[PDB]
Each structure stands twice: as structure tokens, then as C-alpha cells.
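Novice: This is the structure I have questions about; it appears just below.
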Amino acid sequence: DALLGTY
Amino acid sequence: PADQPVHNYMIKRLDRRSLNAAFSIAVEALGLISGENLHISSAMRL
């Protein structure tokens, strides 16, 4: 999808 | 006396015709390729 990153 | 070698002058004309092709892209999609960046959290998108 539109995953930016993981925190 | 009716041989009298003949002479002909034919003429032709051009015919018009085109040939097309389509292509598309999104608007922000292009915007990403503009900036020169070395991360800045947009690689996977870039």
C-alpha cells in the first residue's frame, strides 16, 4: 500500500 | 500513317495518414524525481 516506515 | 509513337504523362497524389500512441503518469509521481537527495524517508516511494 502506502507504507512509510515503522516506529 | 497512324503509328506516330505515343507519349503519356501520368500523375499521382499523396494520401494522408497518422500513427498515434498514448502514455500517462501521475502528477506527484513526477514531482519525486525532481529533487536530488542522498535517508530522507522516501526511498521506497522514490
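Every chain in the C-alpha cells has a letter given in the order shown (A, B, ...), and although residue numbers restart at 1 in each chain, ligands are simply numbered from 1 in the order shown.
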Find the residues near residue 41 of chain B: any atom within 12 Å, counting only C-alpha atoms, skip ones fewer than 2 places away on the same chain, and give them as a VMD selection string.
Specialist: (chain A and resid 3 to 6) or (chain B and resid 37 to 39 43 to 46)
Novice: Can you tell me, as a PyMOL selection string, which residues in chain B count as alpha helix (DSSP H) by DSSP?
Specialist: chain B and resi 27-34
